[PDB]
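K.L.:
Take this structure first; my questions come after.
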Amino acid sequence: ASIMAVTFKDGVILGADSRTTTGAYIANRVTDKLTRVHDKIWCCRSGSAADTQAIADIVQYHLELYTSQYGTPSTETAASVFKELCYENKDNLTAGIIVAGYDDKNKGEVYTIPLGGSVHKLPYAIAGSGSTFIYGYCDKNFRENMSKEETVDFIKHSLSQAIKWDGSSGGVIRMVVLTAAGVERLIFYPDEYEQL
Amino acid sequence: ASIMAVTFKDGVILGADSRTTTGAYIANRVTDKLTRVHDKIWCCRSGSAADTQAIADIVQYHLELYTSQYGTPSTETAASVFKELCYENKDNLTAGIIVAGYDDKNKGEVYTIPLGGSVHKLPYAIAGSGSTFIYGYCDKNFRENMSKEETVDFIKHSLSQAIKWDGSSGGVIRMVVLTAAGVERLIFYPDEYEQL
Amino acid sequence: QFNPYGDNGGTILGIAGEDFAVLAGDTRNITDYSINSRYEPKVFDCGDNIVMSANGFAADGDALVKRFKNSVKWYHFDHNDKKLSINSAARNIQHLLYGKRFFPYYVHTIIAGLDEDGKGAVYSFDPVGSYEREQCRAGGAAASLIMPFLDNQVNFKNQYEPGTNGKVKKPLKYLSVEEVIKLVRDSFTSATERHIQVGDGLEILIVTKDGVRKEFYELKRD
Amino acid sequence: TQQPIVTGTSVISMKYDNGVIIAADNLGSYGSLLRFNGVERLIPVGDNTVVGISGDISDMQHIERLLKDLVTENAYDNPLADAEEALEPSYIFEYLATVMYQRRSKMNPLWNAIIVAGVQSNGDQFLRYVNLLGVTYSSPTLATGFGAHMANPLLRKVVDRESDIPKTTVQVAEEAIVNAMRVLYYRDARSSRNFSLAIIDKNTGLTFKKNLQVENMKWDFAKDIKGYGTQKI
Amino acid sequence: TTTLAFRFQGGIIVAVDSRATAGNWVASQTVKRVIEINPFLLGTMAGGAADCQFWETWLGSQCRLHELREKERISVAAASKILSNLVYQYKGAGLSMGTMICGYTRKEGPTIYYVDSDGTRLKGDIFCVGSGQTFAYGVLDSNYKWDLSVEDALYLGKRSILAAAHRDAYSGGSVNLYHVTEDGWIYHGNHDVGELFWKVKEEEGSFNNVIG
Amino acid sequence: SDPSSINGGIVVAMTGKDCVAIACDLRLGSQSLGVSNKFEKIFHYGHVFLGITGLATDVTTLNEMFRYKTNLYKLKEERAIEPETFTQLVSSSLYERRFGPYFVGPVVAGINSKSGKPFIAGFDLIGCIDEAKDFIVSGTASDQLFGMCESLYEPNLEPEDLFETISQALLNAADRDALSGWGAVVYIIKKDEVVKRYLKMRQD
Amino acid sequence: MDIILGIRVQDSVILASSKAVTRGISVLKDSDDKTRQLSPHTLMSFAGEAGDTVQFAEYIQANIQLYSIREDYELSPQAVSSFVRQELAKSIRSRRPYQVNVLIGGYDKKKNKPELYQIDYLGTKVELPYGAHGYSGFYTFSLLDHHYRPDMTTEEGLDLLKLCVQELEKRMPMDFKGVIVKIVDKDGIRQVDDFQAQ
Amino acid sequence: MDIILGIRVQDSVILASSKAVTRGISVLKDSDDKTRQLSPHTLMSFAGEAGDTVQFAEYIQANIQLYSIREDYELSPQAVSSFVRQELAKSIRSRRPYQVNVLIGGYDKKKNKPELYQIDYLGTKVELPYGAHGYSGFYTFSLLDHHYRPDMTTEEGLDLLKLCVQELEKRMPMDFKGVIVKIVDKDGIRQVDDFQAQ
Amino acid sequence: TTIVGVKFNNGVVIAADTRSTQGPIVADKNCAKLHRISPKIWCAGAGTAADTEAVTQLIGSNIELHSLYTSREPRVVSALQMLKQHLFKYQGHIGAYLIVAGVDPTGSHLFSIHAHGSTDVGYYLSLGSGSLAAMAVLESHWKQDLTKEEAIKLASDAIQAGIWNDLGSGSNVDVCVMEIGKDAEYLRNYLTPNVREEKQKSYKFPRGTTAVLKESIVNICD
């Protein structure tokens, strides 16, 4: 795939492409790689669609149940439930996931779970097949505490590149903005992100 | 390895790291990956040190002899002698080379010879193991007709990144500036390019 | 690794008449699961009243046809425009095929024309040049869906005279070129249905003492 | 016994009332990395033949010099090099086809799919395909590698059988060829938006269009796609 | 495939099947498994279809070439050793042939050499070769006198091939018969195994477990 | 090597005017060696017939098994089991062992006693039900039989006619097949009478 | 392998069974009765895998001596057969499969007929006039085809048996060190110990 | 493989050589002289690969009948040996290597002694009192060790030979269909055709 | 195999071809690949013939029992989630590739399920060996908000593309139209483009042609 998540002043933003390929064929060119496990805790999926789907599905539950009994779940907790699945099942899974969410205390929080099953908290994180090409662009162009539209732009550019260079990435660019004021879904089309 | 070449207003600039690794071990951390086949026609080596060395050695000759008889060689020609070797010997070589040089007519000229043996003329070209990480930074930060120190900087940054992210790249950053006024060799040390 | 061979499919059938011979093939040329052409002919007029077909891998058969068509040009120049005996071209093809014995033309290959006596003849080949003269042989993928049927409706096999208990074999008759054509284009319309590598078109070359004629019939395109 | 590196994807082509059309994008790709963005994979020979090439770009550039070389030879000692005894498609093909099969047979193939398209001395449309194995075939509609799968079915909806060719105007063929290139970019992962398209009419000659772009893409509907089943937001 | 040849008072009998298979599929039953080399010598196809036809056809040439050059008939011993030598020359290049070279000369008498891909050359009295080889051997071994009426010993070949065609899936079709005298060979027809089986079940009382 | 073809044999079934036919060869052999010429591949359970080709020890096992299963259907259900039903029992029953299959190629044929409708169907070793109006084939001559049937078949054959047709399809495939032959048997199934003729064919 | 033969005549069934036991390089025994008596009128010869062979035949011996003892009835050959078959068919999709081939021959005291059954390690079962496992069949089936009548006296059939063994000693590469011939008839199971020179 | 034996006594050398030729499944011949005469007083028995076997022995026969004819001198055993060896050692690093094992035995007319040489397909040559190739050695070397005296009459040595063949027929799995025993002495090369019952 | 699904304004329509191939041979020239899960939830099966049937029969049975516990019409999104999780329990070893569509109390739904357990939601979808032929049609002719008759032409058009241009697909065109208001309509063989032209002969044998050895009557009921 080709996904990333960035934190800022007001919260966190998730971004992805939309291209799931089996082979050289684009089986679906409109994939929703931004998947929701709670009001304001979402994930970025990459790897086997069948594995990342099964896990998110199973986390959506653990957290629906955690809400029933114990209350609203820290963004940290969503990550722990993902790691626990990915690590304890490493031998049979191929999934790299980015968990991101907004609570009121910490605001922007982002956790990247590589293949191993390790977990790493970070200000921003990139992953997916086409990430390799923007480790350069991102480390140079990222800043802490950006403004909302500053961050949308940072993502639009980073992902504009990943898709240019990756054949396993493309489609539209989907974003999901997570702030106090709510959940806002974004979409940017090819006629737009290519001219950058 | 981790190498690139850029053209500008006054000529062409070649850049590279200095890290040849066999395995996890850095066998030499001061490698001169900028190799000279003629007054103002140089190459960037990447791939087998034994293969790129042998080839450049054999091209240095073809061109010393071409000079003897027929005169001064177009930058274009140096490239053709490289392609002819790399392509006609593809089955037994692992070398990716960037040929760059300055004549007075065209000024800045750059030819990249991928593994296949194909040849591609371009304004700038990156290659070597750690190139994958800067396809993003470069496409966004490159401009035609840059000034001398504008281009030194563009290279210093691009390569500062490649080395950060690549384990098969590092050492010092070597440059070689090719203009009418002559050949100028550059070096930038780690204490400098890391702080960027 | 590099693999120098293919399957382009198609299916050929050659039948030897009494005063004639037919050599039929389908027009479909494929690679795996896709279709390459619906019309790209398989059966060729080689002159001197010899029609041949090198079926299996197109590049190898195309190349073998070229090479024999040329063996004829030179048997002319070399032996004062003499006619190439059907039986002699067969043998020359054995030597052609066996030349590349250790890197063969991957083709089951059939030729048809008239023997020096005027009677009809058909020859079949390995990819390495075993040859025998045949009454009717099919080569290709759908070979197995045609032969049983031909054995039954052409050589009247397993067929007896009604009410003779099972002691008198149904008497072998000989068939107008128009009848053989019936069986050919029913052998194929059948195969087309149960083989996915057969369809599109059916082309027949017909050799009489009068020369070579082309009849062409459409086939299901699925 | 080589293996491809820098590659270019589908080449597509169909014939029509007077001439023929052939198109192919401008991308050569290093594996999964869309590395080279200015590649031309339509090679004009004369103004009666265009040769389209998919496969290994290094072996393509070799095949290109073989034709630049073969045009230089033709002219030697030949006052009719720009007329009667000048280079014909049917020749250029039988030459490349002969080479490809020779090379496969030395187990060192040129790793390509080649489509030779053009018009003959006598007005005849000429369209034929030859690949790394030496295989040759000809249909009213031919495409190589990936186009063989999606591009053909669309073009055969214009020219299904031979009787359909005279009925096919030129603006219709071009419209159908450009469609297929759009569809190729929706669904082919090793594809570029930039392509080149050449028309070869028996009346207007060689019309070679560089630097085209797939236009009028439909992606509005993606906004309405969320989740992967259960999801609503 | 089933091929067999043997010596006796009246010369040599050669008998073969005619079935040829591509797996489970029977592609032809019109195969000349006996190779008319020249009118005084026979070879038996067994192993590789082409490899046999071809080198024995070639043998026929090298045999004529030898008769012109010495104005005298080539001996089975040397005819066979030419083929054995040519074939050993291509050892394990992937040749496949297992054949009996048969001849009757002034000086040697009825003479049979078994020659194969491996380079083997063996003079013998009785050789069967092919998938149904073991079946033929069974019938030959039990019913073989040396002084067999040329007519009884021609029937023996007819039948050692039958035993085999029956059991073996890979043998069958029809039987070709050859008789080799000092004066040359004489074809003895092509008797279709279909019809022949029934004819023998009645006259012999055999094949008793075949309901018909 | 391949299980689906050590032993050999073919089975074929067709429909006619208010009738059905099913037929097979009597061959059982280990690879090249023929062992028995009296090994029938067609079994019956009430008025429903089942031919099974492929691996002997599984053809035999499945007969032994469907006898059992259908015998209890008769006792528990108070009636003889129908063809349409039995078909669905062979499917589910075969697919029971999906990842360790019986290497067989079953053909069901018979006449629904309430509706008098002719019925044939065939399966792959894991139970896909190919129901077909025309004909069903199975065995080592999967191909040859398809070739004969596609030509020799017309629908609504009278029974005495459809015997000639099915016999000729079977016979002429098995003669072009190395692993099939050695006898043959052909059941012709009218609405209430059932005739079983054995055939004369080459024996090689 | 390893010679397992048998022919059913008019009044009895006859089983031949190679005497040799070979362990790779050396011949260990020159006198192996390759057969267990399953009951008064039912015999089973066998060959195949090393240990798998005996261990199976004895398991069957037990289970049939148990059904005999329990119903004080001598289980009929057809049944002993169709049981042995099932026991092999069961073990073919099992963890380690019995790799054993067998010939079962016995007298059905109720039909007063002799019966010979052939079963391979897969559970493949068919009834025959004559039979064999391993390669034994190729050299001998051509002779039986020819010389077999189903009305053959027990004596006429021993003769035809010696003729097969002779062919196997001639055209077969293995030195199987002879046979042991056993006969099953109305009077039960006796063994002819005068064979390699009758 | 395929029985190649030989024992050198006081006044001669004796070579045994299995009579059987086997082609996978069937035994094709029951009477194979596995030995070429290299010259009046020098014999070579041999076994090994299929075609490679004969073709070699004959090449050596030719080349020694040629040195004989040329110098009208009968080449001594030691020499015929050391030549055959070099011809094998040459072919071991060649393209397709002769895969043949041989026993050379002959009478040195100048020392009036008998000599037996053993050479394997690799060119490994050593001179012996007794020798064998293939597995033939395992069953028989234990007997020779025990019963061999180097002063043994030619008769005393034939006896000991029969004793080895008997052990090979007993504990060896292959039916080799007998031997042919040849003897080499001052009077040359003669063959005892009364052996499997002397 | 070729199967597609197409969403329109007041429903959804799904279509399939009718050819089942074992290797290169066509075993059923007309098996319906259109499977029923619930009255108004149908799905198209491509992959292992047996598994699309079995795994349909199952989820459909469980889903039937569930609409009864809950006294509620069965929902597409249920059949999806139960299929998804079943196929995934089985590490892809179950070879089903489905287009699952239907109408429930929540509107029109169209989903695709791959064997390893991945699901895709969309407006047009295609799976199987002709997946690419069909998707090329769909990508050229689909606009937002089709009509019942437009959306049917389009899915049948897209199945044809498969039939012709793919050796894996062929014969007829099955359709099922699930309108939101109405009942579901299943039009078996909605198109029959592949009808076998009348043979050139008729091979009905003269009675008595076949040699019989023994004849007898078996008994049917006890």
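Protein chains in written order, with my numbering: chain E, 1 to 196; chain R, 1001 to 1196; chain Z, 2001 to 2222; chain B, 3001 to 3233; chain W, 4001 to 4212; chain F, 5001 to 5204; chain P, 6001 to 6198; chain S, 7001 to 7198; chain L, 8001 to 8222. Beta carbons: idealized from backbone N, C-alpha and C, even for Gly.
Determine the DSSP secondary structure at L:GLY8092, reduced to helix, strand or coil.
P.N.:
For the purposes of this step, residue 8092 of chain L is taken as the residue at position 92 of the ninth sequence. Note: L:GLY8092 maps to coil in three-state DSSP.
K.L.:
What does the alpha-carbon distance come out to for the pair S:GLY7137 and W:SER4075?
P.N.:
In the eighth sequence, the residue the question calls residue 7137 of chain S occupies position 137. In the fifth sequence, the residue the question calls residue 4075 of chain W occupies position 75. Those two C-alpha atoms are separated by around 40 Å.
K.L.:
Just to confirm, is the Cβ distance from B:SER3054 to B:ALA3113 under 7 Å?
P.N.:
Along the fourth sequence, read from residue 1 onward, the residue named residue 3054 of chain B stands at position 54. Along the fourth sequence, read from residue 1 onward, the residue named residue 3113 of chain B stands at position 113. Cβ atoms of B:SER3054 and B:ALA3113: closer than 7 Å.
K.L.:
Give me the chain R residues within the contact set of B:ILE3012, using Cβ-Cβ distance strictly less than 7 Å, ordered along the chain.
P.N.:
The count along the fourth sequence starts at 1 and reaches residue 3012 of chain B at position 12. Going along chain R, no residue has its Cβ under 7 Å from B:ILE3012, so there is no contact; the nearest lies around 23 Å.
K.L.:
Would DSSP call P:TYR6098 helix, strand or coil?
P.N.:
Looking up residue 6098 of chain P in the seventh sequence gives position 98. If DSSP states are grouped into helix, strand and coil, P:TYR6098 belongs with coil.
K.L.:
Exposed or buried, L:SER8216, counting other C-beta atoms within 10 Å across all chains shown (16 or more means buried)?
P.N.:
Mapped onto the ninth sequence, residue 8216 of chain L falls at position 216. The residue in question, L:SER8216, is exposed, as its Cβ has fewer than 16 Cβ neighbours within 10 Å.
K.L.:
Measure the Cβ-Cβ separation of E:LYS33 and E:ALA16 and say whether it is below 7 Å.
P.N.:
Numbered from 1 along the first sequence, position 33 holds the residue referred to as residue 33 of chain E. Numbered from 1 along the first sequence, position 16 holds the residue referred to as residue 16 of chain E. In this structure, E:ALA16 lies closer than 7 Å to E:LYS33 by Cβ.
K.L.:
Do W:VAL4031 and W:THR4044 count as a contact pair if the criterion is CB distance below 7 Å?
P.N.:
Counting from 1 along the fifth sequence, the entry for residue 4044 of chain W is found at position 44. Counting from 1 along the fifth sequence, the entry for residue 4031 of chain W is found at position 31. No. Outside cutoff.
K.L.:
Using a cut-off of 9 Å between C-beta atoms, extract the partners of Z:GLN2001 located in chain B.
P.N.:
Reading the third sequence from its first residue, position 1 is the one you call residue 2001 of chain Z. In chain order: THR3001 and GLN3003.
K.L.:
Taking 7 Å as the cut-off, decide whether the C-beta atoms of P:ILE6014 and P:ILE6183 are in contact.
P.N.:
As a first step, residue 6014 of chain P is located in the seventh sequence; it is residue number 14 there, counting from the start. As a first step, residue 6183 of chain P is located in the seventh sequence; it is residue number 183 there, counting from the start. Yes, the pair counts as a contact, with Cβ atoms nearer than the cut-off.
K.L.:
Mind pulling the chain R residues with CB within less than 7 Å of E:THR132?
P.N.:
Numbered from its first residue, the first sequence carries residue 132 of chain E at position 132. Per Cβ cutoff of 7 Å: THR1132 and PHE1133.
K.L.:
Are any of the Cβ atoms in chain S nearer than 7 Å to that of W:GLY4119?
P.N.:
Within the fifth sequence, numbered from 1, the residue matching residue 4119 of chain W stands at position 119. Output row for W:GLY4119: interface = yes.
K.L.:
What distance in whole Å lies between the Cβ atoms of S:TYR7121 and S:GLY7048, which are believed to be in contact at a cut-off of 8 Å?
P.N.:
In the eighth sequence, counting from the first residue as 1, residue 7048 of chain S sits at position 48. In the eighth sequence, counting from the first residue as 1, residue 7121 of chain S sits at position 121. Right, their Cβ atoms sit about 6 Å apart.
K.L.:
Counting only Cβ pairs nearer than 7 Å, list the residues of chain Z close to L:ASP8166.
P.N.:
Here residue 8166 of chain L corresponds to residue number 166 of the ninth sequence, with the count starting at 1. Result: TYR2033.
K.L.:
If we call anything under 7 Å between Cβ atoms a contact, is L:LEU8132 one with B:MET3150?
P.N.:
Start at 1 with the first residue of the ninth sequence, and residue 8132 of chain L comes out as number 132. Start at 1 with the first residue of the fourth sequence, and residue 3150 of chain B comes out as number 150. It is a contact, given that the beta carbons lie within the stated cut-off.
K.L.:
Please specify which runs of the beta strand (DSSP E), each continuous and at least 3 residues long, are wholly inside the segment 5113 to 5139 of chain F, giving them in chain order.
P.N.:
5118 to 5123, 5129 to 5131 and 5135 to 5139, all fully within the segment 5113 to 5139 of chain F.
K.L.:
To which residues does DSSP link W:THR4044 through a beta bridge?
P.N.:
Working through the fifth sequence from its first residue, we reach residue 4044 of chain W at position 44. Answer by DSSP bridge pairing, in chain order: W:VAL4034.
K.L.:
Compile a chain-ordered list of the residues in the segment 3060 to 3084 of chain B whose CB is closer than 9 Å to at least one CB of chain R.
P.N.:
Those would be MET3060, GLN3061 and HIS3062, in chain order.
K.L.:
Any beta-carbon of chain C closer than 7 Å to the one on E:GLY136?
P.N.:
The chain inventory of the structure shown lacks chain C, comprising the protein chains E, R, Z, B, W, F, P, S and L.
K.L.:
Runs of 4 residues minimum, wholly inside the segment 4127 to 4197 of chain W: which ones carry the alpha helix (DSSP H) assignment?
P.N.:
Here the runs fully enclosed are 4133 to 4142 and 4152 to 4167.
K.L.:
Would you grab the beta carbon distance between F:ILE5129 and F:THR5087 for me? Rounded to a whole angstrom, and I think it's under 8 Å.
P.N.:
Against the sixth sequence, residue 5129 of chain F aligns to sequence position 129. Against the sixth sequence, residue 5087 of chain F aligns to sequence position 87. So it is a contact: roughly 6 Å between Cβ atoms.
K.L.:
Are any of the Cβ atoms in chain F nearer than 7 Å to that of W:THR4111?
P.N.:
Counting from one through the fifth sequence, the residue named residue 4111 of chain W turns up at place 111. No, no contact with chain F.
K.L.:
For P:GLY6134, which residues of its own chain have a beta-carbon under 8 Å away from its beta-carbon, when the five flanking residues on both sides are left out?
P.N.:
Position 134 of the seventh sequence, counting from 1, holds the residue named residue 6134 of chain P. Excluding positions up to five away in sequence, the list reads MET6001, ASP6002, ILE6003, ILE6004, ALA6047 and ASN6101.
K.L.:
Rank F:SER5004, F:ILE5052, F:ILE5006 and F:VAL5012 by C-alpha distance to the C-alpha of F:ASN5172 and give the top, closest one.
P.N.:
Position 172 of the sixth sequence, counted from the start, is the residue given in the question as residue 5172 of chain F. Out of F:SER5004, F:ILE5052, F:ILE5006 and F:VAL5012, F:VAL5012 has the C-alpha closest to the C-alpha of F:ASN5172.
K.L.:
With a threshold of 7 Å between beta-carbons, can S:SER7026 be considered close to chain P, or not?
P.N.:
Against the eighth sequence, residue 7026 of chain S aligns to sequence position 26. So yes, S:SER7026 belongs to the interface.
K.L.:
By the 9 Å beta-carbon criterion, what residues does the segment 8207 to 8221 of chain L contribute toward chain F?
P.N.:
Per Cβ criterion, the list reads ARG8207, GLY8208, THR8209, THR8210, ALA8211, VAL8212, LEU8213, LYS8214, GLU8215, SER8216, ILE8217, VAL8218, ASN8219, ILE8220 and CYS8221.
K.L.:
Using only CA atoms, which one of B:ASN3152, B:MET3060, B:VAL3159 and B:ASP3069 lies nearest to L:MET8135?
P.N.:
To locate residue 8135 of chain L, count along the ninth sequence from 1; it is residue 135. Minimum Cα distance to L:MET8135 is reached at B:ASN3152.
K.L.:
For chain B, find out if any of its Cβ atoms is closer than 7 Å to the Cβ of R:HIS1038; answer yes or no.
P.N.:
Counted from its first residue, the second sequence places residue 1038 of chain R at position 38. Closer than 7 Å: no.
K.L.:
Residues in the same chain with beta-carbon distance under 8 Å from B:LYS3167, minus the five sequence neighbours each way, listed in chain order, please.
P.N.:
By one-based count along the fourth sequence, residue 3167 of chain B stands at place 167. Cβ within range, chain order: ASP3017.
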